[PDB]
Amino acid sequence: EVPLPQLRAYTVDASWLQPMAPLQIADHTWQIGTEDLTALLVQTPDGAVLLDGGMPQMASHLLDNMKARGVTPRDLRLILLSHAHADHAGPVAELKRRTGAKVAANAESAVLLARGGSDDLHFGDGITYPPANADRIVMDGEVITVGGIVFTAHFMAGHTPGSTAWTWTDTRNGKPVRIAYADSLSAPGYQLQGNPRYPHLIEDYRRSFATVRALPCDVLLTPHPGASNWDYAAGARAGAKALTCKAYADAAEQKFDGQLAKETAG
């Protein structure tokens, strides 16, 4: 006779969990996550901002890299998120407990975060993580300012209802650099058409392709660096092959159209 199956842990490619030292993107912006998961530190004269944290087991590594950059736990003021799945918001609860950081997110991301990713529209309870509360709810196009760096929220619903692109302007060589951190545009294993949990899913993805295409975007970064052709292990040429926001959106839409056609056939 047969017991119910054991719970299955959320396991990922080893490179997603491979720690790296801080990689500078612009004058105040650093990649401090792992080889294949983005976690951006923005350092200001008035505290630091973290955008995404990667997987749940990455908290101490993130804190180590912040320390290397001169950022103590007290100095981290704000956490922002691309979307509230386990491999990007994983360590948020722990980071809040261990730092001064407060979380700002839109309503959709906040409720999913507060559920620890449970009851996912597509994944069910398959990919959960420690829940956390948002300290501030943001609306589309709203700005948040830290130490004089201005972050703008651009909603791009689809991958999750609360998927967000964050944009800000840094400097490099005395010139402004408009950085766009665009969320995933993938739909891995999703039912796209006639999904009872997400009836306007296709319309939202189409709108989000257009949103991403139009972002202020000298430099594109994505939660999975491979999606924008970043190679965090490539040192001085880490960002050399990076896509434009236009190319990223076009590639995503072509892939999406292919998935729709396969779904109709399958």
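For clarity, a rigid core is taken as the largest C-alpha set superposing within 1.5 Å between two forms. Start at 1 and count along the sequence shown; that's the residue number.
Where the structures in 7 other deposited structures of this protein are fitted on the rigid core, 7 to 15 is the one of 7 to 15 and 243 to 251 whose C-alphas sit farther from the shown form on average. As listed in the deposited structure, the average C-alpha B-factor of 98 to 106 and of 144 to 152 is greater for 144 to 152. Higher average CA B factor: 170 to 178, of the stretches 153 to 161 and 170 to 178. Sorting 71, 132, 89, 185 by the CA temperature factor given in the entry leaves 71 at the top. Within the group 42, 62, 217, 212, the record's highest C-alpha temperature factor is found at 217. Residue 17: CA B factor lies in the middle third for its chain, per the PDB record. In the deposited entry, the Cα temperature factor of residue 85 sits in the bottom third of values across the chain's modelled residues.
Split the chain's modelled residues into thirds by C-alpha temperature factor. Residue 202 is in the middle one.
In the PDB entry, residue 78 places in the middle third of its chain by CA B-factor.
In the deposited entry, the Cα temperature factor of residue 226 sits in the middle third of values across the chain's modelled residues.
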